[PDB]
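Going letter by letter, the sequence shown gives residues 1264 to 1306, 1310 to 1406 in full-length UniProt numbering. Structure first, then comments.
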Amino acid sequence: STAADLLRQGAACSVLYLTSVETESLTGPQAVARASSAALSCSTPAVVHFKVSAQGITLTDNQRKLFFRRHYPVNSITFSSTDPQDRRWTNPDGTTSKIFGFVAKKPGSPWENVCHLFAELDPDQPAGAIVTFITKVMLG
């Protein structure tokens, strides 16, 4: 586990997975805003493991032997930001969490642009930092 290899492995943490919505012909900020509107208008979100690395974004969740996984390669990711209206997610305890999303091509419907929306769980792995890391691996 050398420095450069570790650093390529990137950072992973837990986040709430709020929703995913198709977002064609919208700017990046419009896409994230659209997703947040949908999430905030709907009638409990899953906690997922969220990894950002040189290889892109990987989302996973397991309950016993049931398993969810999606990977978004770096060339597929077109945008990420916190909610441009500064809207927050209200947790079951009534406290609020910052919202962020990214837009990527849908792996099995590649013509489709889809915004994946999340809320922060840890102030020490905050939404703004995750957005910074995604934008860095896009920049690379």
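Every residue gets a Cβ at the ideal spot worked out from N, C-alpha and C, and that includes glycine.
- Across the set 1368, 1364, 1370, 1399, the C-alpha of 1364 shows the shortest separation from the C-alpha of residue 1389.
- In summary, residue 1386 is buried, with 16 or more beta-carbon neighbours lying within 10 Å of its beta-carbon over all protein chains present.
- In the three-state scheme derived from DSSP, where H, G and I count as helix and E and B as strand, residue 1390 is classed as coil.
- Burial check for residue 1316: the Cβ neighbour count within 10 Å reaches 16 or more, so the residue is buried.
- When the beta-carbon positions are compared, residue 1340 and residue 1321 come within less than 9 Å of each other.
- Between residue 1286 and residue 1369 the beta-carbon gap is near 6 Å, inside 8 Å, which marks them as a contact.
- If you draw a 10 Å sphere on the C-beta of residue 1348, you find 16 or more other C-beta atoms in it, and that means buried.
- By the C-beta density criterion, residue 1405 is exposed, having fewer than 16 other C-beta atoms within 10 angstroms.
- Nearest to residue 1312 by alpha-carbon distance, out of 1327, 1298, 1299, is 1327.
- Burial check for residue 1332: the Cβ neighbour count within 10 Å stays below 16, so the residue is exposed.
- Rounded to whole angstroms, residue 1395 and residue 1357 show a C-alpha spacing of 20 Å.
- Contact between residue 1281 and residue 1383 holds, with the beta-carbon distance rounding to 4 Å and staying under 8 Å.
- Close CB contacts of residue 1338 within its chain, under the 7 Å cut and outside five residues either way in sequence, are with 1322, 1323, 1370 (chain order).
- No residue range can be given for residue 1340, since it is assigned to no beta strand (DSSP E) and is classified by DSSP as neither H nor E.
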